[PDB]
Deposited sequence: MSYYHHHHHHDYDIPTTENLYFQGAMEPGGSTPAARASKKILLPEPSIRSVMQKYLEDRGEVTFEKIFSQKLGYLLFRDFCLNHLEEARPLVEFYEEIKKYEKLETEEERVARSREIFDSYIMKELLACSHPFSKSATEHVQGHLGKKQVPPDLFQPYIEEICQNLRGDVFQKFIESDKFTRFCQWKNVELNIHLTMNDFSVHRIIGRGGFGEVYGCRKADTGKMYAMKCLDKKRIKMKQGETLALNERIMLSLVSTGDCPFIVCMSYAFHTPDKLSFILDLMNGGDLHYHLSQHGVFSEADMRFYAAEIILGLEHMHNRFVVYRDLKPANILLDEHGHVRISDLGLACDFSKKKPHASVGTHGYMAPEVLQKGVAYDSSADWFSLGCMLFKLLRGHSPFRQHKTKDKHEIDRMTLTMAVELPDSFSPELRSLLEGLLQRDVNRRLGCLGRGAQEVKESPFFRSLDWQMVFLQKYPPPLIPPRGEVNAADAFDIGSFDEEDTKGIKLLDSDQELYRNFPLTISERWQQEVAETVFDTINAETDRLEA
């Protein structure tokens, strides 16, 4: 449980924050806990007069106490109750967990350092940590975002949004293919996920049904940023992604690309939701070269059963040239949102998750490392791995123990 430090911490914490120019209206009011304590004080022009009277008051003393807790966060496994496995991968696995002090539920992505070392995957693990931190502000509800990162002697841990509903690869195998109306629901939420990423200069690259997870109500998020990169710094030129869901720019060896690659992948994926395979698969051939050449040379071949609105969308998303493709011409994601396929969608209500999802998940049922040492050199690579997202910890506290602990602490101090 969270124990606030005694209110004699105030003067030291105020000097700490003043020296970093963080005792202003813009810095404190924008923070969630800063907003609530300022809101609480006002019930007891605002940039000058009101703000400094708040600084003298012990509602700012309380803000300094919570801030002190924030800055001393040093998570270990001991701070989480880890329950059961809800995902697997090459370097490790994902568990459902409860953070002990607040009781908030999260997904813990636990990667094993010995398995990482053995597969020379150090830069990939660091990359997911970097990519997650870029996309994890703004509390976007259509990406599986990070709140904390930390590591132990033998593990890396990402603390991510919990998704108990399973992925769309799995659900395709049970549900079968989706109708246009049902696909539209997933497209609308996935589009907003990609918009949030593209704003922070992140191209996602691995968009496919397996990376679209469902919550217990059936709303979806883009999951796993291991193959994403920051295209602003240098445009990537590597063939990254999944065969059948890669754009022509990505496949063409040498050619640089940006966010454009995702909109092509969206086309591949939405088709897959309707038809059960990538549009460049043809006869379920497992020949990956046949799949890539069909992508590069031959224009996309759509079945006649598709509505004229859906043809416009897919043909637009699957244009082989970036200069013809939806979401690449100037206005970005907004070009896709304006497609005739989404005529009847209010994108505020998509964002607010008001539309009924077409699949509400049912209920689930219930070595290599031997030899590899872990040197000091290996631990040095993860020196800057630990991280806390201020917004996230504050939002967690706000929705769980803020009022209770504030009340408890007032009794200790009165």
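As a test: can you identify every run of the deposited sequence that has no C-alpha position in this structure, in order?
Those stretches are 1-39, 84-164, 487-499, listed in order.
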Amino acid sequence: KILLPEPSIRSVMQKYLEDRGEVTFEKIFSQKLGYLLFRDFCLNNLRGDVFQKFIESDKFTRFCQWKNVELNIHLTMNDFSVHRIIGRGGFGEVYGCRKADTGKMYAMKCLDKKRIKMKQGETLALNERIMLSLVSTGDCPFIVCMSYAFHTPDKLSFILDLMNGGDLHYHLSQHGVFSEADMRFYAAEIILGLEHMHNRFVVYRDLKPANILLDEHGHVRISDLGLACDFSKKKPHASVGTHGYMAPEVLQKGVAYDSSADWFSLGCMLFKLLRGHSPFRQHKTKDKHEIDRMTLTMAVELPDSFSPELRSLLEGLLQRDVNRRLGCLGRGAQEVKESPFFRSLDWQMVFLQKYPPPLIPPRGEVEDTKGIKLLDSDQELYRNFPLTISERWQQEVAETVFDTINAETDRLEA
From here on, numbers count along this sequence of modelled residues.
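Looking at the entry, does 288-296 or 243-251 show the higher mean C-alpha B-factor?
Mean CA B-factor is higher for 288-296.
Going by the B-factors listed in the PDB entry, is the mean over the C-alpha atoms higher for 394-402 or for 14-22?
Here the higher of the two C-alpha B-factor means belongs to 14-22.
Residue selected from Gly87, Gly165, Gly176, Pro340 by maximal Cα B factor
The record points to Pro340.
Checking the record values for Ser344, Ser278, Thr76, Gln120, which has the greatest CA B factor?
Of the options given, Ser344 has the highest CA B-factor in the PDB entry.
Just say lowest, middle or highest third for the CA B-factor of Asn45 relative to the other modelled residues in its chain.
Its C-alpha B-factor, which the entry lists for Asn45, ranks in the highest third among residues of this chain.
Which third of the chain does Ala107 land in by C-alpha B-factor: lowest, middle or highest?
Bottom third by C-alpha B-factor.
For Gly226, the third of its chain into which the C-alpha B factor falls:
It falls in the bottom third of the chain.
Give the position of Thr152 by CA B-factor within its chain, expressed as the lowest, middle or highest third.
Its C-alpha B-factor belongs to the middle third of this chain's values.
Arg205 - which third its CA temperature factor falls in, relative to the rest of the chain:
CA B-factor rank for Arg205: lowest third.
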